[PDB]
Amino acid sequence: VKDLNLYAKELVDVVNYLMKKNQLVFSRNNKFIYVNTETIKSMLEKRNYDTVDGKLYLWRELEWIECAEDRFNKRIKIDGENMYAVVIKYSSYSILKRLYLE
């Protein structure tokens, strides 16, 4: 429950799940990974070591995700869509994946 590896592992697994489902959306510069808020919320409900908001709060505080002020998502423009999404930093995912694989 109070195990940082669970949060770090979940971030790498979220990207792995989206890769597998062919739902992975990258920014144009490949700096960010965009995920639909409802998709993230249904995925973060699976592992009961914390709530959805507890997971998002920790990712935000550790700066693995980019958020708007007092929110868990940002407003982004991608392939004609100008709306809210959970913004995962590609650099953070790469660092955590490299750590997950050592």
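When you see a residue number, it is the position in the sequence shown, counting from 1.
### Query
Taking the recorded C-alpha temperature factors, which stretch has the higher mean, 72-80 or 37-45?
Averaged over C-alpha atoms, the B-factors run higher in 72-80.
### Task
Check the entry's C-alpha temperature factors for 82-90 and 9-17, then say which stretch has the higher mean.
Per the PDB entry, the higher value belongs to 82-90.
### Task
Place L96 in the lowest, middle or highest third of its chain's C-alpha B-factors, as listed in the PDB entry.
Lowest third - that is where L96 ends up once the chain's C-alpha B-factors are sorted.
### Task
Could you look up the Cα B-factor of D50 in the entry and say which third of the chain it sits in: lowest, middle or highest?
It falls in the middle third of the chain.
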